[PDB]
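Q: This is the structure, below, for whatever I ask next.
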Amino acid sequence: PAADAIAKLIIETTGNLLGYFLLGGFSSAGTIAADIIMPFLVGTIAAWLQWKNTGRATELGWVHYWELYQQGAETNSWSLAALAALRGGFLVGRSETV
Amino acid sequence: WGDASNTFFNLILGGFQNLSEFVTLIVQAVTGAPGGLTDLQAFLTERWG
Amino acid sequence: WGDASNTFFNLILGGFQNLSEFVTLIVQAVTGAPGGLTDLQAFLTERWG
């Protein structure tokens, strides 16, 4: 959300498009724009966090399962706490003794 | 939005707030008495006479 | 957006990009010497004098 929140996509893109229009960008392509394409890139900019567990790789060895996608309990909180989200994701596939 | 406001109110509109103010400025520049376009026409017509 | 640009710059603004160049055009139309509104007023004051 820090990159493509709906408030950003509306207000900032409308302001940038209005500035480009007033400069004359749509009259002739000479003008240089300033982020008028933000709604086109929704969910693509810094949208993921990938962490490879080096200790787990060392424990497992040459043959191992690669990766797993993990969804948090709160679906819109990883951007608020990246480290907490990654540790919660790594809570899943660990060595288990019972 | 701030950049667009600067462009609109400074580049496109010049230093004038609006066309009415710009009309008043034109009348003041061409005639001593400030006023509207009708005042401009009246002063210029009496000067024509 | 392109149609809006055409409407704004051709219909609403005439053939003028902005108001400053339009002021210069008014000055050039009513006075030989190009310049600002102050130049227009100065030339007209000299003419009336």
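These protein sequences, in sequence, are chains u, w and v.
In case it helps, the entry's author numbering puts the first sequence at residues 393 to 490.
In case it helps, the entry's author numbering puts the second sequence at residues 50 to 98.
In case it helps, the entry's author numbering puts the third sequence at residues 50 to 98.
Heads up, the beta-carbon is just placed ideally off N, CA and C, and yes, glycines get one too.
1. Taking C-beta pairs closer than 7 Å, name the residues in chain u that residue 99(w) reaches, listed in chain order.
2. Please check the pair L89(v) and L62(w), which I expect to be a contact at CB under 8 Å, by giving their CB distance rounded to whole angstroms.
3. Would you say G407(u) faces chain v, with C-beta separation under 8 Å as the test?
4. Taking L441(u) and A474(u) to be in contact with their CB atoms under 8 Å, please state how far apart those CB atoms are, rounded to whole angstroms.
5. Helix, strand or coil: which one does DSSP assign to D427(u)?
6. Name the chain u residues whose beta carbon is nearer than 8 Å to that of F58(v)?
7. Since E70(v) is in the alpha helix (DSSP H), which residue starts that stretch and which ends it?
8. Given a cut-off of 8 Å, decide if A438(u) and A399(u) are closer than it, judged by their beta-carbon atoms.
9. Cα-Cα, which of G407(u), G411(u), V484(u) is closest to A465(u)?
10. Report back the beta-carbon spacing between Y412(u) and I428(u) to the nearest angstrom; my notes put them in contact at under 8 Å.
11. Identify the continuous alpha helix (DSSP H) that holds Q442(u) and give its terminal residues.
12. Which chain v residues sit within Cβ distance under 9 Å of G85(w)?
13. With a threshold of 6 Å on Cβ separation, who are the neighbours of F58(v) within its own chain once the five nearest residues in sequence on each side are excluded?
14. Who are the near neighbours of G416(u) in its chain, counting only those whose CB is closer than 7 Å to its CB and skipping five residues on each side?
15. Excluding the 5 residues flanking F65(v) on each side, which residues of the same chain have their C-beta closer than 6 Å to its C-beta?
A: Quick look at the numbers:
1. Because chain w in this structure spans residues 50 to 98, residue 99(w) falls outside the shown range and cannot be described.
2. The Cβ separation is near 18 Å, so there is no contact.
3. no
4. 6 Å
5. coil
6. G416, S419
7. 68-79
8. no
9. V484(u)
10. 6 Å
11. It is not in any alpha helix (DSSP H) - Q442(u) carries neither H nor E in the DSSP assignment.
12. Result: empty, since nearest Cβ-Cβ is about 16 Å, beyond 9 Å.
13. none
14. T423
15. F71
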